[PDB]
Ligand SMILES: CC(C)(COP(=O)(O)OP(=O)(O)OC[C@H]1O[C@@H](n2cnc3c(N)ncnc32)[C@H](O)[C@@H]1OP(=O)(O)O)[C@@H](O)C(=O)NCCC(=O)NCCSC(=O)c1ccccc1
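Only one chain is shown below, in structure tokens, and it's the form deposited without the ligand.
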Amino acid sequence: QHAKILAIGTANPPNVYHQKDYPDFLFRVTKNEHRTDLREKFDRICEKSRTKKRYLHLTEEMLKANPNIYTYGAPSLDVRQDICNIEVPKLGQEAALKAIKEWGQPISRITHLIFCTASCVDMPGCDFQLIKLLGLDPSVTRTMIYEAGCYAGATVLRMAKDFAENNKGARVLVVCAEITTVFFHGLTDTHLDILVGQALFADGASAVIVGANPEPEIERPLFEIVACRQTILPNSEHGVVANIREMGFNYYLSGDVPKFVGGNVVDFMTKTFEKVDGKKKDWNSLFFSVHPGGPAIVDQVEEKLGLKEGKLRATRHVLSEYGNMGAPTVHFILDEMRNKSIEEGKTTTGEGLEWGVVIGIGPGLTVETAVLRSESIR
């Protein structure tokens, strides 16, 4: 009786930024139009980003009111936090209400809450704020995951699995929400990593309901969370770093991250599936939700696992339409996969296949995998 995903909901800020327009926007609003060298570099990155549009909370008016946000290294944490500590739970609320609607049970039936964000930090936390917004039972059992990073969309499923399976009748609401206002920085030739985040990072929230022993003909499972594994990729501590500073949340990204992922994916996939089955897996027999940290990560997984054309379609679709929203992204991909599977008349939520995986990738480098089974559409 494994934990099942019973519902998925998602949300994004209302303002859409088409990638074709973003270089002009960024260089104009940050007063960097004279930096033709940086503009060339940014254009090259955007052209390769495989991201067509992103939703962002941040607006030009907010930048005009708080120019410290685009003045590289200036003190600005306080204004960023004042925004994100409000906007993160609000965006999470929107996703949560959608998940709860799908699930079809009363809010009072939720026994556990996991809230995850890398975009803010406060005491009481986002979990407390969401309890207030939703009217959750004040005795919900909470887990508040702050500043984990891009592997956490898999991690929260692992945590939810344990809580749901060890507590009879438990129903876990999992909310991941990101507002990248805290990570926005201006442009300097001494910190080119910012050009990558400026091209890729985006805002969004997901919500998932998890429970074991779904009520027959009442709850409708989408996926089963079978087994999970977390690991640190050797010799990659510099891959993704983010520091909480007076200037906001600063970050560094190694150009070697894709190669590290590609160099470890056979191993981490093999060791993950060893927890479920003693037989060797055919990687093409699986469905995939891969955290699209950037386009090259997706390509590395495809290449090293020998995946056929189109296997990573759902992943690429979300990267294209939403960008890298951090931890929620893999949940957007599962939702997209389920929806496309309905559209195509597939037999299961996992593209007609039985077994699949969620791959989260973030600081360490850390990879967390969750092995899933699909569920029947009918």
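Residue indices: 1-based, along the sequence shown.
Although not depicted, the form solved in complex with the ligand is the subject of the following passage.
With respect to the ligand in the deposited bound form, the three residues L253, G294 and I297 uniformly fall within 4.5 angstroms at the level of their nearest heavy atom. Although the partner is absent here, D193 lies within 4.5 Å of the ligand in the deposited bound form, judged by heavy atoms.
The shortest heavy atom separation between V257 and the ligand in the deposited bound form is within 4.5 Å. Under a 4.5 angstroms non-hydrogen atom cutoff, the ligand in the deposited bound form lacks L173 among its neighbouring residues. In the deposited bound form, at least one heavy atom of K41 sits within 4.5 Å of a heavy atom of the ligand. Look at 60 to 68, 306 to 314, 333 to 341, 46 to 54: in the deposited bound form, residues with non-hydrogen atoms within 4.5 angstroms of the ligand sit in 46 to 54. Think of it this way: in the deposited bound form, the ligand has a heavy atom of just one of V156, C150, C126, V290 within 4.5 Å, and the residue is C150. Checked against the ligand in the deposited bound form, the candidates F268, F201, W283, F163 yield a single residue with a heavy atom inside 4.5 Å, and that residue is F201. Looking at 316 to 335, the one residue that comes within 4.5 Å of the ligand in the deposited bound form, counting any heavy atom, is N324.
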